[PDB]
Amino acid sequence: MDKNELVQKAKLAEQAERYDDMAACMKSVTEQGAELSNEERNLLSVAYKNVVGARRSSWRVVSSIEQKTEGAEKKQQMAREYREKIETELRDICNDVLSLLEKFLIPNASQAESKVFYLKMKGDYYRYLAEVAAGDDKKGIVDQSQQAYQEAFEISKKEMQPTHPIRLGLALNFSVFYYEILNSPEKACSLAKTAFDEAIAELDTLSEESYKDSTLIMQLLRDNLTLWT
């Protein structure tokens, strides 16, 4: 198939809720080397968000079961080994996406909006690696994630209005990074509060195509604020 066919198959897969197919389709599209359209970018992002999301969810369930079975070693052993099998799937998927990010998506990003999107995505998939990293390894991974978010943050702060959904969304995920990964509720709250308030101050800048997304993300930022305090 060629670009157009793959992209249509990916849209088909999405509707069938067959996210591996969808991901595989968009991966191939990305590998033909051309800068993705906005439509393609979202299809890629959606595909892998679901593929990785299934593992993260399975990991937490199985990991929880593992910690709850201190004192039942046969069960705790079966849990651990299964957590590890799931973890390998999780890692391979993140490595898969980070690989597409270095080789294709980040170097080919022409406009600021795209560079923020991809750098945020990179922060995201290093964050997911950080969710399960033990080591002797954790630090370097955590660091890669913070650098990608930070670089993205600086570009969105320079280039985007505060109601832009890509910027609010970066603030959201970067703030989650601070709370969950760096364990700093104050830095998380600060980033989240700042982004919400700056958006509140400029609601007239909302567009027809963006305001739903923008205001939904704002609600998320405020929910995290409420939770975290």
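Don't overthink the numbering: it's just position in the shown sequence, from 1. Take the two forms, find the largest set of C-alpha atoms that superpose within 1.5 Å, and that set is the rigid core.
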Exercise. Between 145-153 and 74-82, pick out the one whose C-alpha positions differ more from the shown form in 8 other deposited structures of this protein, using the rigid core for superposition.
Key: 74-82
Self-check item: Stretch with larger C-alpha RMS deviation in 8 other deposited structures of this protein, core superposed, 48-56 versus 195-203
Solution: 195-203
Quiz item: Would you say residue 208 is missing from a third or more of the other compared entries?
Solution: yes
Exercise. Taking the mean of the C-alpha B-factors per stretch from the entry, tell me the winner out of 159-167 and 58-66.
Key: 159-167
Quiz item: Mean C-alpha B-factor higher for 117-125, or for 103-111?
Solution: 103-111
Quiz item: Of 38, 194, 50, 184, which one's C-alpha B factor is largest in the deposited record?
Solution: 38
Practice problem: Specify which of 131, 143, 92, 84 carries the largest Cα B factor in the deposited PDB entry. | Solution: 143
Quiz prompt | Ranked C-alpha temperature factor of residue 206 among modelled chain residues, by third | solution = highest
Practice problem: Report the third (lowest, middle or highest) to which the CA temperature factor of residue 46 belongs, ranking only the modelled residues of the same chain. | Solution: lowest
Practice problem: Looking at the entry's B-factor column for C-alpha atoms only, identify whether residue 97 ranks in the lowest, middle or highest third of its chain. | Solution: lowest
Quiz item: residue 72: which third of its chain by C-alpha temperature factor?
Solution: highest
Quiz item: When the modelled residues of the chain are sorted by Cα temperature factor, does residue 12 land in the lowest, middle or highest third?
Solution: highest
